[PDB]
Structures are given as C-alpha cells and as structure tokens.
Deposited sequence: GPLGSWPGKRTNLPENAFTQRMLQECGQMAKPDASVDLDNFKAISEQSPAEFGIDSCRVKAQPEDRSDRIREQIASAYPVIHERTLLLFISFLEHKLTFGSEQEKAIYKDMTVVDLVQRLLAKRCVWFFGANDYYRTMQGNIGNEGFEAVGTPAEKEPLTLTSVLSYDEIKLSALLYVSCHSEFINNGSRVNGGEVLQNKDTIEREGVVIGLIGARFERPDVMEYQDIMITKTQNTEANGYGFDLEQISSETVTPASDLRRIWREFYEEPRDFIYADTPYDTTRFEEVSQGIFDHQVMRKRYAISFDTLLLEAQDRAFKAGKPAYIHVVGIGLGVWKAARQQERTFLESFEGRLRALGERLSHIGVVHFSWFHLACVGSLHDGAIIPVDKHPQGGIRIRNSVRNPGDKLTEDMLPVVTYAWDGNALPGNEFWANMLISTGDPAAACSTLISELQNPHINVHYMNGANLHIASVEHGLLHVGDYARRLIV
C-alpha cells in the first residue's frame, strides 16, 4: 500500500479541480541573484546567522546557486493531491462560515500556496510555541482557528487551522543546495576552512513525520485510539445523520483506504497491529500507510533528481517522527517495514537509486533492511539498491560518484528550520538542516517566491513518476 492504480473520482468538483491543474504551466522566470538577495533582506522573519544565506556564498558559486534556486519546488504524493481536493469539497459543504468564505474560490494550487505562505514562522513543542507571519508570539490557541470562536491573532486569514496543518504534514519541499558544513546535529552554522571533507552540494528534502504530542489533532486522529477521542460523538466507528466531524473522518479513512475506524471499546485484541501506549492504543497498520506516503514521495523524488543528475542517488534517511515526536516503542520497526515495502513495490522505477542510508536508527535489522544488504531491482544498472544503517553526517564526502539526497525532519506549520527562526540553532534536525544548507531561503515561500509556490507544485506518481502538477493532471 498504496497500490499502483489510482481511481479518478467522477464528480464534477474533482473533474473541475483537475482541469484547472491541467492549465498550469511550469514557472521559468530567469533567476536574478541580486533581486533574490534583496527580497531576502526584506523577509518577515529575522536570521540569527548569515553563513547559510546566498549573500555569504562565494561569487564563483553564483551560477550554480542560480540553478539551485530554480530547482526548488513543493511536492506531494498523487494520493495526497486527491485528498486535498476532497478536503476542499468537505469544507465547502460542512465547514464554518469562516472556512466556507476562504475556500469558496480556492483551487488546489491556491490551497497549496496557502499551506506554504500562511504557515507559522516557527511552531514547536507539545504546547504550540509559535511566531506567526505577522510577528505574534504565544502558546496554543490553534484548536479554535477557523471556527466561530477564532480570535486575533489566530484567525483563518492569518494562520492555518489544525485541519489544514494535518494536510500540510503531507506537503514536502525539495531543492538542490550548497552544503555549508557536514550538517551534523550540532553544526550550528559553522563555516569550514575548506570543503575537502564534505560534498559541496546536493538535494535537500524536508519530510514530516507523524505528530502525536497534541491530543485529538494531526495523525493522532487516525493512528491513536483513545477513550475520549474515539467516540461516536466525534465521528468514529461508523441511519445516522452526517456531521462535519464524521464526514472529515470519512475523507481521511478513504485516503488511507481503511474500511473502518474505531470506537475505543470496539478495538480488536491484536498485538500484531495494536500497541498499548500511555494515551491509549497505537495502530501500526495506519502508521505504516502514513509512512508509505512520505516514503513514496521521497523515493520517486530522489529517482527523478538522480536521473536528471546522471548519477545514482545516495539517500541520507532520517527517522522522521522518531525523535522528539516518537510515540510508540515499535514505531521505528513500523518505519523500516514501511520503507522496505515501498522500495519493493516501486521496483523497476528506482533504477537511479544507489544507496539508501538509514542514519541514527536503533534497530540494526528489520526485514531485509540491515547494513550491507542489497534489495534487488529489476533492470537496475547496478543490480539493486544498497542498504546502510549507521550514523553519518548528511553532508559527509561520498566515496561513490552519487547524488546526495539529504532528508531532514520538518514540521507542517513552520518554515524550514523551524526553531532556527527563534535563534535556536542547535536543537533538532530541522535547525541543523537550515544551518548547514541554503534552504532557509531556497525553500522559503517568502524568499524563493518564484519557485517555492503552489504554481510550481510537483506530484509524485507511482505510474507517472515525478511531474509538475500541470503535466500530471493532463496525463489523467
């Protein structure tokens, strides 16, 4: 899961949304480096350091940096695209007055631009410490966004709803970028005397794990089963009138192609699927599917980048969701089970994946994934995908001639780097990635405005590969 075949909904609203996608053209605005740097100096959030910025890079790197800037895009799974459409339909029918008025004329591309542009600058912790684009700082209050009890400064026109942030956890960012240092957790933006020990550049991908810190929102709604959340009143377990909550459960269940969700007392006694945790029950079957969406996007993206680079990809894989967001003891095993599954399902498509390197994992071996293993790939020019499992720094120099594809653990409601923008330069993987690359500008929708935008959305499709959304919709 997911399957290779996607089903096209026949209803007029979906057909119209796809028609509009099929009218989009790829942006091709010439990159003006001086214009970029000026935009960056006027960005609505302050940089604690400049060493990870375009302006601090050598002049002899300007040509490549211009290409890196134009190489950036947001990217979602083809199934995520259909989910976004179904979300718009659901909110236009069941949303509040506040929600209905902002989604009224919104296209798919517009919703994606909103998820990029209206996310907070930072947003971290179980109690939602935040800075909005308008500079307001506080804790909590996002549960009320987009409801008739919403209030300044957390209103739908300014910030995202938790229902939207849950969507945004499926929206990833990718670009080529200079590497400043080896990108260790504690790099803190340090500059090196020379880059003899590191790769000079590569692909950097912001992926987002599942978040369970905050009850009754995000992936907790789908994967966590608790006594207070999983009730008939909240739309679970479904001669009953449809409610907004129950309809929203249905579109997420249909996204995961699950035939039911659960009332707490109705959950089967089955430890191959369910794990008891402090909050209640953790459903590793739906967790595997949520991972599979992220991993499909990553692998199809890495394949496309590597094919255009003319060399195999070396993927630095991090445990998204397994750090400060770790929520179950078997979760890392579900992670690796899911990843092996997608490597095998995608099969011959991954001709240009060379090494998958799991960095900072506690399990040495899950299924066939252990250090030195090779997953065979039909017609792969090197016979298969090499697996590694050991700590490395993402920017370390490669002994093979391969394209480094560096993942970092991001956040659905924060700019790349997240607490980086609160001047916490050493914390989690997120500020470490911002400090050691150019993504704090190149993946920033308020700085890389011509390429990090909804109109440049790309789609990862099992059948059609990685395509700009216009090309993808036209092939449907």
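The deposited sequence has C-alpha coordinates everywhere except the stretches 1-5, 244-249, 488-489.
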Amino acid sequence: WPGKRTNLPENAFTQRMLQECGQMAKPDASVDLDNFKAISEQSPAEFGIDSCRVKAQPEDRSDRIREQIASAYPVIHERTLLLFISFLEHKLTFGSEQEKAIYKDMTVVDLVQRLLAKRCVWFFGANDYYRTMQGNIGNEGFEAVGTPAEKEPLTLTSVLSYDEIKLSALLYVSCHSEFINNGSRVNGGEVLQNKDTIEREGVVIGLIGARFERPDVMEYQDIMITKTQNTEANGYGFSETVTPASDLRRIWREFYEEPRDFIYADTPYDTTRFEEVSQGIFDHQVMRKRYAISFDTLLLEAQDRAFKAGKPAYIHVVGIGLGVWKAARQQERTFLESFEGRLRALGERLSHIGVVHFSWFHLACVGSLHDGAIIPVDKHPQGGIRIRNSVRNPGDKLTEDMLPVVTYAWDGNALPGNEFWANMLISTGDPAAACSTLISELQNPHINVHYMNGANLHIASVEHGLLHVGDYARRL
From here on, numbers count along this sequence of modelled residues.
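Between the stretches 434-442 and 48-56, it is 48-56 that shows the larger average CA temperature factor.
On average the C-alpha atoms of 346-354 have higher B-factors than those of the other stretch, with 124-132 and 346-354 being the two compared.
Per the deposited coordinates, the residue with the largest Cα temperature factor out of 118, 104, 392, 176 is 104. The entry assigns its greatest Cα B factor, within the set 164, 378, 140, 213, to 378. Split the chain's modelled residues into thirds by C-alpha temperature factor. Residue 453 is in the lowest one. For residue 459, the recorded CA B-factor ranks within the lowest third of the chain. Only modelled residues enter the ranking. For residue 277, the recorded CA temperature factor ranks within the highest third of the chain's modelled residues. Split the chain's modelled residues into thirds by C-alpha temperature factor. Residue 158 is in the middle one. In this PDB entry, the Cα temperature factor of residue 267 sits in the top third of its chain's modelled residues, the highest group.
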